[PDB]
Amino acid sequence: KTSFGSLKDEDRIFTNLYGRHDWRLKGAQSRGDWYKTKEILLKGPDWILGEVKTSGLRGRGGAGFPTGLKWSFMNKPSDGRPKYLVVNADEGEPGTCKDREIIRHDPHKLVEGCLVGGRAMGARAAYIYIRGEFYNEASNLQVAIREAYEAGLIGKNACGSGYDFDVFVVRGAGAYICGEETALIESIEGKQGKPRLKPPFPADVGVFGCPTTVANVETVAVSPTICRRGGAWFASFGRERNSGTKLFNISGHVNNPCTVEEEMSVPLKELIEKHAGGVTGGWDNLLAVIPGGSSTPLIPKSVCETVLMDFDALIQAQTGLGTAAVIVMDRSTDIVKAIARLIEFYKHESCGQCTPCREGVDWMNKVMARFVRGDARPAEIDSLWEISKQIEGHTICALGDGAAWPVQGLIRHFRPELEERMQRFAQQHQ
Amino acid sequence: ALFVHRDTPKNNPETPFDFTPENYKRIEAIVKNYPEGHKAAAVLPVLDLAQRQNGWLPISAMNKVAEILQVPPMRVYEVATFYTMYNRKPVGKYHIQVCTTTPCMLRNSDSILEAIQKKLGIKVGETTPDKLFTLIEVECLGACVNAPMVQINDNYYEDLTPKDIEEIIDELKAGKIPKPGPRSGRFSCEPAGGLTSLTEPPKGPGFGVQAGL
Amino acid sequence: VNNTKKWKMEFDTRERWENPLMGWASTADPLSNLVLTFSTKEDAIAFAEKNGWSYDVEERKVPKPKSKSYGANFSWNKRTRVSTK
Ligand SMILES: NC(=O)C1=CN([C@@H]2O[C@H](COP(=O)(O)OP(=O)(O)OC[C@H]3O[C@@H](n4cnc5c(N)ncnc54)[C@H](O)[C@@H]3O)[C@@H](O)[C@H]2O)C=CC1
Ligand SMILES: Cc1cc2nc3c(=O)[nH]c(=O)nc-3n(C[C@H](O)[C@H](O)[C@H](O)COP(=O)(O)O)c2cc1C
Ligand code: SF4
Ligand code: FES
């Protein structure tokens, strides 16, 4: 296959995305969920790991680590400690609002994904760390999990397979850093949401000290559909090492901002002009696109014309795929004000633990607050670049990376706009 | 806005705080979710419960959470100052939270922020003198395709205009309850000009299931 | 730890008293500021014995090696968990 996009409704994993069907158990069983789950449990851990490795599923959290290789880190006998799946459901990324839709509209799919994932890794229970601001989504998911316990689908003797598996839901308390997997583990453990250092990886020392796999809602919820439809079905979409379907959140300056499930390697222009109703004012009104939520660098209109929305074609576009959250910015946008609001987000959501992020993200926000007004001189641009290069890869987690990267994208694609901002400040103030 | 504590007569360790017996049963249900020897993992839910009974957190809810979970009180103070939901000051009865990050700012969230400000007569960070509305400005609330949006205590109000948010504030003042949804024509997150996908019926159980299963 | 690398020879402190005019530290010990640097213990012992100085030697106290584990901060059943980080 060469061209991608135009995914059919028979090939969607997230049917009832929009809330148009019943989210509860009789609605979920009538759409394909909880079908032959006992056989998927009884065929073993290694079969499910082989199905996920066959499917080419990468980590839907945003980094794209191979999900089969990630879950196979738990494929080892116990040492007295229990083993845990932990489903990351914080989703604090600006641009990204898809896991809210999975929890709110396909909740039993996430429960069956917890069961299949925890069976594959030999886990004892699931901890769905939902964001605390998603309160109605959390109670939605708890009504679904009560339906799953009362139907005998989870808990003692889950799906009649003799396998015991609980599903716990822990609400957050309003910290974006608690979406990072070790900081999420620390937030589950009743501590400050501050990221641990790696090693130890959570497969060795995770939640409570136990072996633990933290995985996103989307990479967990597609796993029963991979185990039913097959690995070759999920590997049939997208390019090689870019396999599957993906939920996209096209927001910003489009006519119809929406969440839509789509084939993996779809072009960005086709996706925006097909599902979002195009950019407000036409495609020539396009200035920039942040392709995968705020952690990825923006790309200008000359890159957005032919770019494919998977991992490797966005690495080649010197950005990242991320959460596949498309933030569209038209020609009327004060783009330095938007990136400075974004760096302001990154200093308000930064847990203060290690030196480069705690100091340099506030120092970058002060530089960006002067760059919006133009109250600077152009030699501070490259200086700002070096400040980002003193945060990138010098931090504990990648929030420092995810704050250095928008600054790098803004400088790299809009240095002339910064310079004319500052020189018109200099002419009308000096 | 501070992260130190000073003992006022309305916020001190002699301020009365105690859970209700139904809240003690809820706390026991929370504690039973975690392994034995890791009761400290119930610091974040129970303290949030102490915000749901009281509306905010004096320094008697933090010490009561520290007492009933057998954790040091500084380890509860850290959680109560780290996380942005724990109101360490008494907020109003309707805590309006406007998202002003970049995907909501691109779709003109400042118009709704100024609409709430001139509607209620307060600015960002203040409370109306009848103790009914606290307006603060929050980060990305996870409703980006429904931009712009606000949050009122549990409830997202999405796809908003200044007229819609004036209507919501008018029916919060009227003693009713508003509908937590997008105030535009759409329902949750779909394209507004019709469904661009998921128009076909869902295929039901047994569709495309591979053999040997 | 760069000041723990070499051996040092000093002497016993004698009386320092108050200057009646200014309150300055008056001394009568010429060897009160004499600190000698040696690479090994035996060089310092040989230099003290050569000059007729009666000496006492304190052995080099290196710190014994520690056992450091970052994952020990987050154990399952041991007391070595950190209560916060
Ligand atoms: N979904 C969201 O709301 C957000 C997503 N992100 C995305 O998250 C990414 C950065 O997050 P991180 O998890 O810090 O980055 P990533 O480098 O570390 O790690 C992803 C996963 O791979 C696993 N892994 C990688 N190498 C491993 C090894 N050698 N052994 C064991 N496990 C290994 C980690 O355990 C982790 O679960 C970015 O791509 C960013 O776009 C960032 C912010 C918010
Ligand atoms: C600062 C930061 C915040 C993150 N927030 C989330 C999040 O909210 N939700 C999520 O699924 N992953 C988030 N991640 C990615 C996780 O580290 C982790 O990769 C993911 O939760 C699970 O791995 P997966 O991609 O295989 O699903 C975040 C990473 C960082 C560095
Ligand atoms: S880089 Fe920032 S977000 Fe990460 S551990 Fe350090 S202070 Fe926390
Ligand atoms: S940007 Fe306002 S909800 Fe995400």
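Below, each value reflects all heavy atoms present in this structure, side chains not excepted, and no hydrogens, waters or symmetry copies. Just so we're on the same page: letters track the sequence lines, and every chain starts at 1.
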Nearest non-hydrogen partners of [X] and [Y], listed with the distance:
X      : Y      : result
B:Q210 : A:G230 : OE1-CA, 3.4 Å
A:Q192 : B:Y83  : C-OH, 3.9 Å
A:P94  : B:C140 : CA-SG, 3.6 Å
A:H253 : B:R107 : NE2-N, 4.4 Å
B:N146 : A:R100 : OD1-NH1, 4.0 Å
B:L44  : A:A173 : CD2-CB, 4.1 Å

_Just by distance, no angles: are the side chains of A:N136 and B:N155 close enough, under 3.5 Å, to form a donor-acceptor pair?_
yes
Determine whether [X] and [Y] make a side-chain contact, defined as any pair of heavy atoms from C-beta on separated by less than 4.5 Å.
X      : Y      : value
A:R131 : B:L141 : yes
A:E133 : B:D154 : no
B:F207 : A:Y35  : no
A:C97  : B:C144 : yes
A:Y127 : B:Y34  : yes
B:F82  : A:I177 : yes
A:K191 : B:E78  : no
B:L198 : A:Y18  : yes

Quick check on [X] against chain B: is it the side chain, the backbone, both or neither that has a heavy atom closer than 4.5 Å?
X      : result
A:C178 : side chain
A:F345 : both
A:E349 : side chain
A:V254 : backbone
A:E186 : neither
A:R12  : side chain
A:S30  : backbone
A:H275 : both
A:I327 : side chain
A:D334 : neither
A:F248 : neither
A:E101 : side chain
A:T96  : backbone
A:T280 : neither

Proximity breakdown for [X] and chain A, heavy-atom pairs closer than 4.5 Å:
X      : result
B:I30  : neither
B:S184 : neither
B:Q151 : side chain
B:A143 : both
B:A42  : neither
B:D48  : side chain
B:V138 : backbone

*If you draw a 6.0 Å radius around CZ in A:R124, do more than 12 non-hydrogen atoms from other residues or ligands fall strictly inside?*
no
*When you look at CD of B:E22, are more than 12 heavy atoms from neighbouring residues, nucleotides or ligands closer to it than 6.0 Å?*
yes
*Considering only NZ, NE, NH1 and NH2 on the basic side and carboxylate oxygens on the acidic side, decide whether A:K8 and B:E200 come within less than 4.0 Å.*
no
*Quick one: do B:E139 and A:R341 make a salt bridge, cutoff under 4.0 Å?*
yes
_A:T259 (side chain) donor-acceptor with B:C189 (main chain) under 3.5 angstrom_ = no
*Measure from the side-chain N and O atoms of A:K43 to the backbone N and O of B:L213, and report whether any donor-acceptor pair falls under 3.5 Å.*
no
*Nearest 0.5 Å please: distance from the NE2 atom of B:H38 over to the CD1 atom of A:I188.*
12.5 Å
*Walk me through it: do A:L342 and B:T101 pass the test side chain to side chain contact (heavy atoms under 4.5 Å, CB included)?*
CA-CA 7 Å; A:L342 210 59; B:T101 55; 5.7 Å; no
